[PDB]
Amino acid sequence: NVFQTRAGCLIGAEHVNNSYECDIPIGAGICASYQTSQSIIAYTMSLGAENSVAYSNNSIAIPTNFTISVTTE
Amino acid sequence: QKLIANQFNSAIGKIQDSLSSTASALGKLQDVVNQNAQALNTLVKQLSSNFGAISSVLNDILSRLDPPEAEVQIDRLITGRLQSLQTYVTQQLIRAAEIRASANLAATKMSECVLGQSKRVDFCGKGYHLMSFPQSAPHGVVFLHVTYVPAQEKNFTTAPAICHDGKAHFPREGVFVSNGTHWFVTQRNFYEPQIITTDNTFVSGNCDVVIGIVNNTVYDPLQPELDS
Amino acid sequence: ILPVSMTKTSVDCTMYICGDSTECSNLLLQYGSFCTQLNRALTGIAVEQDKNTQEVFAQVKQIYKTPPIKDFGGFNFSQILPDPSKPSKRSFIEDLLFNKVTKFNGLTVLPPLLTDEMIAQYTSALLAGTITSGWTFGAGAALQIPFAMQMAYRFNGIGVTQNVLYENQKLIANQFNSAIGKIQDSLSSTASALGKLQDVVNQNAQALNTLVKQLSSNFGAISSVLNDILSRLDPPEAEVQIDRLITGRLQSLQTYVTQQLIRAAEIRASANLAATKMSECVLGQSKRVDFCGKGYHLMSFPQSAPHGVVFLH
Ligand SMILES: *[C@@H]1O[C@H](CO)[C@@H](O[C@@H]2O[C@H](CO)[C@@H](O)[C@H](O)[C@H]2NC(C)=O)[C@H](O)[C@H]1NC(C)=O
Ligand SMILES: *[C@@H]1O[C@H](CO)[C@@H](O[C@@H]2O[C@H](CO)[C@@H](O)[C@H](O)[C@H]2NC(C)=O)[C@H](O)[C@H]1NC(C)=O
Ligand SMILES: *[C@@H]1O[C@H](CO)[C@@H](O[C@@H]2O[C@H](CO)[C@@H](O)[C@H](O)[C@H]2NC(C)=O)[C@H](O)[C@H]1NC(C)=O
Ligand SMILES: *[C@@H]1O[C@H](CO)[C@@H](O[C@@H]2O[C@H](CO)[C@@H](O)[C@H](O)[C@H]2NC(C)=O)[C@H](O)[C@H]1NC(C)=O
Ligand SMILES: *[C@@H]1O[C@H](CO)[C@@H](O)[C@H](O)[C@H]1NC(C)=O
Ligand SMILES: *[C@@H]1O[C@H](CO)[C@@H](O)[C@H](O)[C@H]1NC(C)=O
Ligand SMILES: *[C@@H]1O[C@H](CO)[C@@H](O)[C@H](O)[C@H]1NC(C)=O
C-alpha cells in the first residue's frame, strides 16, 4: 500500500478522508494514528474541534454555575 | 461552600489517578533526567573510541609503541577526548540555561501563584486562578493549581445601559441582562440577578447618545422608605 | 513582531562529512557518537520547534469562527478577519506579511508540522473568539458578549469608567478603524518593520551557507573533494588526509550545531514570550504596563507571519 503526502512518501498506512485530533504528528499537518481490523491510518488533522459562537449585538451568555479544576503543572 | 468543598476534595483525588497509572505527566522531569545520563553515556563511550589512535586504552599504546610515537598517538586521544569534553561541557552549559530559564519560571510561579493570586491569564493554569499548592518532585517542582472554570451558560438579552427618565443608568459592576421580561443587573462571572436599583447603577450622560440602550424603570431604594 | 519558531532542519551526520564514500565512512566510525549525538541534538530542536508553534498558537480548545454577518458596533475587522477568497485564508493583513518575508548536502528542511492554513485557522479562531466572546474563551467555554459591551469591560480594566465608551463609541470606532489602515500602510512600504522575523530567516540561511561552503575547504588536506585524495593516494596516506577533512568537516558541524542550539534557545525564549502575550495580552486584558505596548492596553489581535507571530495591540 502507498500514500503520498506533503511531507514525503508514506508507505504502510492508509489514507483517511476524515479528520480527528493530531496523534503521531508527521509533517505538513498529516497526523498518523492507529485507531481504525486495525491498521495505521494517516489523516489531515483538524486543528481542534469545530465551533461557531452564536453572536448578536444584544446576546450575552452568563455562566450560572462553576467548577473547580485542580490542574497540574 | 459545601459544594465547593466537594468539588475541590474530589479534584485532588483524580490527580492521584492521573499520577497512579500514567507516565505522561512527569515526562518533563523525566526527559531532563535522561538527557544527562544520555550525555554521560555518550561522554563515557567516548573513552573507548580510537579517535584515529591505534587503541583507546591509554596504556595499550604505551606497551606497543616507544614513547616518541605514542607522544604522537596520545595526542589524537587527548585531542579527541579533550574535544569530547568541551562538546559535553557546552551541552551542559546550554542545557543548564534551559533549566535556569525554567527555574525563573518556577521562581515566579512559586512567588506570584502560590504566595499571591495571579491575574496573569493562563499563567497559573487555564481558568481563573484561586490558589496553588507546590509539591516537590526529584529535580523539579509540581504545582497544583486550583482554578475556577465557569460551567453552565444561559443566553440572555443584554442592554449596555438603561434609560430611566432620559438619564442613562449604567451598571457599577457587572452587566445588565434580562431573561426576556424583567431587567437584572448581575455580576459577570457568575449569575446572581438582582433588581436594578440606583446603588447598582451610576447615572451618566443622557439617553440620546448611547447605542443599544433600552427602556426600563430603575427602582429607587429610598422612595419606598419615604411614604410613611 | 516576535519570532516563534525557526526552520526545522536536520543534517546527515555522515554524508555531510563523507560524501558518497565508504573509505571515509570507516574513519567516521572511529569517532563514534559524534555522528549520532548531532542528530540527537538537531532533532531535539526540530522536536520542540513544533512545541513552540504549539504553545503559542493553540491555546484555544475549539476552532471558532465569526458569525456570518459583521456588526461589531462600528469597528471594522474586515482587514483582519480571514479573507474567504484566497484559498489559503489569510486575513488581508497577513498576506502583506507573507510578501515581505521570503535539498543538497544531507542538509534537509523539515516541513513545519503546522502548515500556514492551519496556523491561520488558529489565529482566526483566537482573533474570532476574542471578538465575540472576549477573554471568556481562555477561562472556559466561549461566552458570547456584544463586542460593544465588551470594550466597556476593557475600559473598566484601564481605570476608565465605561460611560466613556458608549457615549464616545462612534468616535472610538473611527479612531480604531483609521488606526488599522495605517498599520497596513506602515507595513506596506517598509522592510525594516519585520526585520526581526527577517533576521531569523536570514540567520539560519546565513548559517547554512556558511556550513555548506566548508565542504569546499582544504583544512590542510590536499583537496576538499574527498574523491580526489582517494584516487591519487594509497590508502595509508589517505587515512591521514581524510582525517583533517573529517576533523574539519566534523569540527565544522559541532560549530554549526552549537550555534543552532544557542539560537534555538533564543527562539525558545521568544516563543515563551509570545505564548505569554498570546495568553495574557490576547486572551485576557493585561495589567502589566508596557508589556502590551505603549499605553494602557485594551485588547490584542494576533496575526501569523512566516516563522513568527504579529500582534496588533
Ligand atoms: C452547579 O454544578 C454542579 C456540578 O459541578 C452541581 O453539582 C451537583 O448538583 C446536584 C444537584 O441536583 C447534586 O445532586 C450533585 O451531588 C452535585 N454534584 C457534585 C459533584 O457535587 C450543582 O448542583 C450546580 N448548582 C446549581 C445551583 O446549579
Ligand atoms: C425572569 O426572571 C424573573 C425573576 O426570576 C421572573 O419574574 C418572576 O417570575 C415568576 C415566574 O412564575 C413569577 O411568579 C413572578 O411573579 C415574577 N416576578 C415578578 C416581580 O413579577 C420572570 O418571570 C422570568 N421570565 C421568564 C420568561 O422566565
Ligand atoms: C424608550 O421609551 C421612550 C419613551 O419613554 C421612547 O421614546 C419615544 O419614542 C417615540 C418614537 O418616535 C417618540 O415618538 C416619542 O415621542 C418618544 N417619547 C418621548 C417621551 O420622547 C423610546 O423610543 C423607547 N426606546 C426604545 C429603544 O424602544
Ligand atoms: C470595512 O473596511 C473595508 C476595507 O477597508 C471596506 O471595504 C470597502 O468598502 C467600500 C465601500 O464604500 C468600497 O468602496 C471598497 O472598495 C471596499 N474595499 C475592499 C478592499 O473591499 C468595508 O466596506 C468596511 N466595512 C465596514 C462596515 O466598515
Ligand atoms: C476520499 O474521497 C475521494 C473522493 O473525493 C476518494 O477518491 C478517496 O478514496 C477517499 N479517501 C479514502 C481514504 O477512501
Ligand atoms: C443560545 O443560543 C444559541 C443560538 O441558538 C445556541 O447555540 C446556544 O446553545 C444557546 N445557549 C444555550 C445555553 O443553549
Ligand atoms: C442589533 O442588531 C440587529 C440585527 O443585527 C439590528 O436589527 C439592531 O438594530 C441592532 N441593535 C443594536 C443596538 O446594535
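Method-wise, the PDB entry is recorded as coming from cryo-EM, at a reported resolution of 3.49 Å.

A.B. asks: Looking at this structure, I do not really get the sheet that holds strand β4 (residues 41-44) of chain A. What am I missing?
C.D. replies: Adjacent strands of a sheet form backbone hydrogen bonds with each other and so pair up, either parallel or antiparallel. Residues and elements named next belong to chain A. Strand order in the open sheet formed by four strands is β1-β4-β3-β2, and the pairing between neighbours is mixed. The two strands at the open ends of the sheet, each matched to only one other strand, are β1 (14-15) and β2 (24-27). Examined bridge by bridge, strand β3 (residues 30-33) and β4 share four bridges and lie antiparallel to one another. The residue of β4 that forms the bridge with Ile30 is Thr44.

A.B. asks: Explanation requested: the interface of chain B and chain A in the structure shown.
C.D. replies: One frequent convention defines the size of an interface as the accessible area lost when the parts assemble. The interface of chain B with chain A comprises 35 residues on the first partner and 16 residues on the second. Taken together, both faces of the contact between chain B and chain A bury some 2,500 Å²; the carbon and sulfur share is 60%. Summed over the shared surface of chain B and chain A, the result is one salt bridge. Ionic pairing is found between A:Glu73 and B:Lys109, a salt bridge with its closest N-O pair at 3.2 Å. Where chain B touches chain A, the interface holds 13 residue pairs in polar contact. Elements represented by at least two residues in the side of chain B that touches chain A include exactly α1 (2-21), β2 (140-150), β3 (153-157) and β6 (175-178) of chain B. The greatest single-element share of the side of chain B that touches chain A, amounting to 10 residues, is contributed by β2(B). Of the residues belonging to the side of chain B that touches chain A, the class tally is 21 nonpolar, 10 polar and four charged. Two elements, strand β6 (residues 59-63) of chain A and β3(B), share five bridges in a ladder whose sense is antiparallel. Considered in β3(B), the bridge of A:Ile62 is made with B:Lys154.

A.B. asks: Where do I start with the state of the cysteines in this structure?
C.D. replies: Covalent bonding between the sulfur atoms of two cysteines is what defines a disulfide. Applying the stated criterion across every chain, the model contains six disulfides over all chains. Shown here is the disulfide that connects A:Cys22 with A:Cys31, its sulfur atoms set 2.0 Å apart. In this structure the cystine formed by A:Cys22 and A:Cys31 twists about its S-S bond by roughly -90°; its chirality is therefore left-handed. Classification of A:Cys22 as partly exposed rests on a relative accessible area of 29%. According to the relative accessible area criterion, A:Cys31 is buried, its value standing at 0%. Here C:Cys13 engages in a disulfide with C:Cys35; their sulfurs sit 2.0 Å apart. Linking C:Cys13 and C:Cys35, the disulfide has an S-S dihedral of approximately 85° and is accordingly described as right-handed.

A.B. asks: What is the right way to read the side chain of B:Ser204 from this model?
C.D. replies: You can see B:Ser204 is positioned in strand β9 (residues 201-204). Since its relative accessible area comes to 8%, B:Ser204 is described here as buried. Side-chain polar atoms of B:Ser204 contact the side chain of C:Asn163, separated by 2.3 Å. Sequence-distant contacts of B:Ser204, defined by excluding residues within four places in its chain, comprise B:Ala168, B:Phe170, C:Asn163 and C:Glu167.

A.B. asks: Honestly, the packing of helix α4 (residues 67-115) of chain B against helix α10 (residues 235-283) of chain C in this entry has me stumped. Any pointers?
C.D. replies: Axis angle and axis distance: for two packed helices, these are the angle between their axes and the distance between the axes, and together they describe the pair. At a minimum axis distance of 11 Å, the contact between α4(B) and α10(C) shows a crossing angle of 10°. Judged on the interaxial angle alone, α10(C) and α4(B) are roughly parallel. For the pair α4(B) and α10(C), the contacting residues are B:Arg76, B:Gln83, B:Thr87, B:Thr90, B:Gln91 and B:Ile94 in the first and C:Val240, C:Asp243, C:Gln254, C:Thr258, C:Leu261 and C:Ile262 in the second. Within the contact of α4(B) with α10(C), the residues separate by chemical class into four nonpolar, six polar and two charged.

A.B. asks: It is not clear to me how the sheet that holds β2(B) should be interpreted in this structure. Could you clarify?
C.D. replies: Pairing within the open sheet is antiparallel, and its three strands lie in the order β7(A)-β2(B)-β1(B). For this open sheet the edge positions go to β7 (66-70) of chain A together with β1 (128-137) of chain B, each flanked by a neighbour on one side alone. Along the sheet, successive strands turn relative to each other by an average axial angle of 15°, direction set aside. As judged from the five bridges shared by β7(A) and β2(B), these two strands associate in the antiparallel manner. When the bridges of β2(B) are listed, A:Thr67 appears paired with B:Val149. On the sheet, α1(B) packs against β7 of chain A together with β1 and β2 of chain B and is oriented at approximately 30° with respect to β7(A).

A.B. asks: What should I look at first to understand the UniProt feature "disulfide bond" in chain C in this one?
C.D. replies: Residue and element names in this part refer to chain C. Checking the UniProt disulfide annotation for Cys13 and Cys35 gives a sulfur-sulfur distance of 2.0 Å, short enough (under 2.5 Å) to count the bond as formed. With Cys13 in the loop between β1 (2-3) and α1 (22-31) and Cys35 in the loop between α1 and α2 (36-46), this residue pair connects regions lying 22 residues apart in the sequence. Classification of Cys13 by relative accessible area gives buried; the value is 3%. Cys35 sits in the buried class, given a relative accessible area of 8%. Regarding the annotated cystine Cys18-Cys24, the two sulfur atoms come within 2.0 Å of each other, below 2.5 Å, so the disulfide is formed in this entry.

A.B. asks: Quick question: what am I supposed to make of the interface of chain B and chain C here?
C.D. replies: Contact with chain B, which involves 39 residues of that partner, is made by 40 residues of chain C. Of the roughly 3,300 Å² buried where chain B meets chain C, counting both sides, 56% is carbon and sulfur surface. Linking chain B with chain C are 11 residue pairs in polar contact. The biggest single contributor to the side of chain B that touches chain C is α4(B), with seven residues. Taken together, the residues that form the side of chain B that touches chain C break down as 16 nonpolar, 17 polar and six charged.

A.B. asks: Would you take a moment to explain unusual backbone geometry for this structure?
C.D. replies: Comment: phi is negative for the bulk of residues other than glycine, and the bulk of peptide bonds are trans. Its identity as a non-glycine residue notwithstanding, B:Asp122 has a phi of 50°, on the positive side. With respect to the helices and strands, B:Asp122 occurs in the loop between α4 and β1.

A.B. asks: Mind showing me how you'd approach the site of ligand 7 here?
C.D. replies: Neighbouring ligand 7 are A:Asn57, B:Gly212 and C:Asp71. In this structure, ligand 7 sits where chains A, B and C come together, each supplying nearby residues. Taking A:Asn57, its side chain carries an N or O atom lying 2.3 Å from an oxygen atom of ligand 7. Within the side chain of C:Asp71, a nitrogen or oxygen atom sits 3.2 Å from an oxygen atom of ligand 7. Relative to its free-state accessible area of 370 Å², ligand 7 is covered by the protein chains to the extent of 31%.

Rules used throughout
Residues numbered from 1 in each chain as written, not as in the entry; some residues may be left out. Chains lettered and ligands numbered in written order. Part of a larger assembly, values for the part shown. Heavy atoms only, no water. Residues with missing side-chain atoms left out of burial classes, pairs and counts. Pairing = 2+ DSSP bridges. Helix = DSSP H or I, 4+ residues; strand = E, 2+ residues; numbered from the N terminus. Contact = heavy atoms within 4.5 Å. Buried area = accessible area lost by both parts, 1.4 Å probe. Salt bridge = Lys/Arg side-chain N within 4 Å of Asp/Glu carboxyl O. Polar contact = N/O pair within 3.5 Å; in protein donor to acceptor, adjacent residues only side chain to side chain. Nonpolar A, V, L, I, M, F, W, Y, C, P; charged D, E, K, R; others polar. Disulfide = S-S within 2.5 Å. Buried < 20%, exposed > 50% of the residue type's maximum accessible area, 1.4 Å probe, protein only. Axes fitted to C-alpha atoms, helices over the stretch in contact; angles between N-to-C directions. Parallel < 35°, antiparallel > 145°, perpendicular 65-115°, else oblique. UniProt positions renumbered as here; feature names shortened; annotations may be inferred. Near = heavy atom within 4 Å. Areas by Shrake-Rupley, 256 points an atom, 1.4 Å probe, with all protein chains shown as cover.

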